[PDB]
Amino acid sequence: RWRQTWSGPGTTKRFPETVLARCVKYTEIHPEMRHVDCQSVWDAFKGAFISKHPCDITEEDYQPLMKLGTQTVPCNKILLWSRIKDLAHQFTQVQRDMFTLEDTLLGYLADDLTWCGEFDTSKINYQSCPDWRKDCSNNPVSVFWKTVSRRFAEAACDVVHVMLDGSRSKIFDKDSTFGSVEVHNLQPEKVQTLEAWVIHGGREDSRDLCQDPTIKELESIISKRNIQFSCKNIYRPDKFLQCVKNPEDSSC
């Protein structure tokens, strides 16, 4: 074909093998998931989207998979992020000070992957998948992230942290998974504070981006949910990471 059905990239090559391998690796490393049957996880993941129209996926489709990937997360150590996932991951990798969604079995399985099927065939579509904007929001990938992110947000307690990209025109973006799902699913009964770390992209002596209009928006939203809001600038994320690996003895 010189023209594909959908406007988005197709399913990641060797999707089935990749998810299965990730499940095996995760369950080998993480002791609480030692007992998960990875074939069963693949079957349930597959059942969510195979033979279904990829513009008609619902959260219910992923419920078998959600049940299987049920997992306790230290509720007071959750790190959310938007448009800055590499630094979030590099940070949690140092000494596991916090946990992101990609530290969970389900987030790990799907990170950086694309997948979709076809109505009334059992084939995976490796040629194209729906674009969230051009085609439809109710596609297998978008629906998966909304489903898993909601559950992750509901599990948070105490002080919840979020890394935001301060080099974006919208540092807080109401359209992101963070802004459209996670903010609205933190449980005010459990969550005391949301603390945002605004990651600078700048060359040095930049603005206090905690005063950014979009940050004030996030503050208003979260305050009105009866959760406290805190914000900090991270001016030099390279120094930040160094200080995380090697604190207090040098210039930190």
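Throughout, we count residues from 1 along the sequence that is shown.
Higher average CA B factor: 27 to 35, of the stretches 219 to 227 and 27 to 35. In the PDB entry, a CA B factor belonging to the lowest third of its chain's modelled residues is recorded for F91. Annotation for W115: C-alpha temperature factor in the lowest third relative to the rest of the modelled chain, per the entry. For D103, the recorded CA temperature factor ranks within the highest third of the chain's modelled residues. Among the modelled residues of the chain, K77 sits in the lowest third by CA temperature factor in this PDB entry. Ranked within its chain, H161 lands in the lowest third, by CA B factor from the PDB record.
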